[PDB]
Each structure stands twice: as C-alpha cells, then as structure tokens.
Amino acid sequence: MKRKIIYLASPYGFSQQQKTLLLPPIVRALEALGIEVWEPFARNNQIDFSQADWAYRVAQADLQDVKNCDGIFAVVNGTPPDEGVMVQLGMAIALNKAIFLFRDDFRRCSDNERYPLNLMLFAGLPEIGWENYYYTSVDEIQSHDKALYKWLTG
C-alpha cells in the first residue's frame, strides 16, 4: 500500500561521523516498519552550494518536505534540542502531522516535572499517553506497542 512518509529531523548531518554512523541505523529501523523516509541531509545531497541563494533554497525545500510528510520523527537529543529540528517540529504540529520524538540522551533538561524537555515540544502530543510517542532507544522503534507502529496500522 502507499507507504507512509516520515520526515526524519535530526542534527546528525552536521557532524561527519554522526551523519555516517548514527543516521543509517535510524533510517533502517524506520524502513523496517514499511515507512518512506525523507531524510533532509540525504535529500539535499546535490545542492549547488556554489550559489549564494543555496541556503534559502535548502530552507524552502525543507519547508516543502515538512508540509508534505505524513509524520515527523524528530531526533531531539542534545541540550538543548537542535533549533532547526525545533522549527521543523513546530511546523509539523501546526499542520496536524503525526508527531514522534526520539531522545536516547539520558540528561533531563526542563522547567517542569511532567516532561523531560521544554513543554512546547509536546504541544502536538496528547495530554495522557504522550510517552507512547516518545522513543528512548533505536531498538524501541520497532515496538508494536508504541505509537509509530499503531499509526501505520490504522
């Protein structure tokens, strides 16, 4: 059937080693669920970075990808989470996309007891049961008891 499209938002493309070693396993786990993965660092591989307007066109391309995804899978590691990822997450919330968060970072960093991060990151998630959309390890992505799988199966 038409594979669901996930926009995989991450800061992992800014580092040589992270792009090479951290992203492929996450892409693989998502694809093992039957997902069509739009990964921005891969999807922008061929830009003419010769050109001065390259940054604006990457921004417009990323904006179109988020508007056309079915859901976002946002890597929100780091203190704080990446600002580009955060802009993409807020776009997804406002457009009623499916929302899934990933953080295998064990530091807690927040102003509230309910959420391990700034509360805005959870605005598009339900009040009760948001943890089902919150993944804390790559091997958890495949879980039939978590929200990504449930969302794929109607």
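Quick note: we count residues from 1 along the sequence shown, nothing fancier.
*Asks:* Look up the CA B-factors in the entry and say which stretch, 93-101 or 48-56, has the higher mean.
*Replies:* It is 48-56 that shows the higher mean C-alpha B-factor.
*Asks:* Out of 108-116 and 32-40, which stretch has the higher average CA B-factor listed in the record?
*Replies:* Stretch with the greater average CA B-factor: 108-116.
*Asks:* Using the B-factor values recorded in the entry, state whether the Cα atom of residue 132 falls in the lowest, middle or highest third among the modelled residues of its chain.
*Replies:* Highest third, going by the recorded CA B-factors of the chain.
*Asks:* Using the temperature factors of the C-alpha atoms in this entry, rank residue 6 within its chain: lowest, middle or highest third.
*Replies:* Lowest third.
*Asks:* Compare the C-alpha B factor of residue 71 with those of the other modelled residues in its chain, then answer lowest, middle or highest third.
*Replies:* Its C-alpha B-factor, which the entry lists for residue 71, ranks in the lowest third among residues of this chain.
*Asks:* Once the chain's modelled residues are ordered by C-alpha B factor and cut into thirds, is residue 27 in the lowest, middle or highest one?
*Replies:* Bottom third by C-alpha B-factor.
*Asks:* Would you mind ranking residue 125 by its C-alpha B-factor against the rest of the chain and naming the third, lowest, middle or highest?
*Replies:* Highest third, going by the recorded CA B-factors of the chain.
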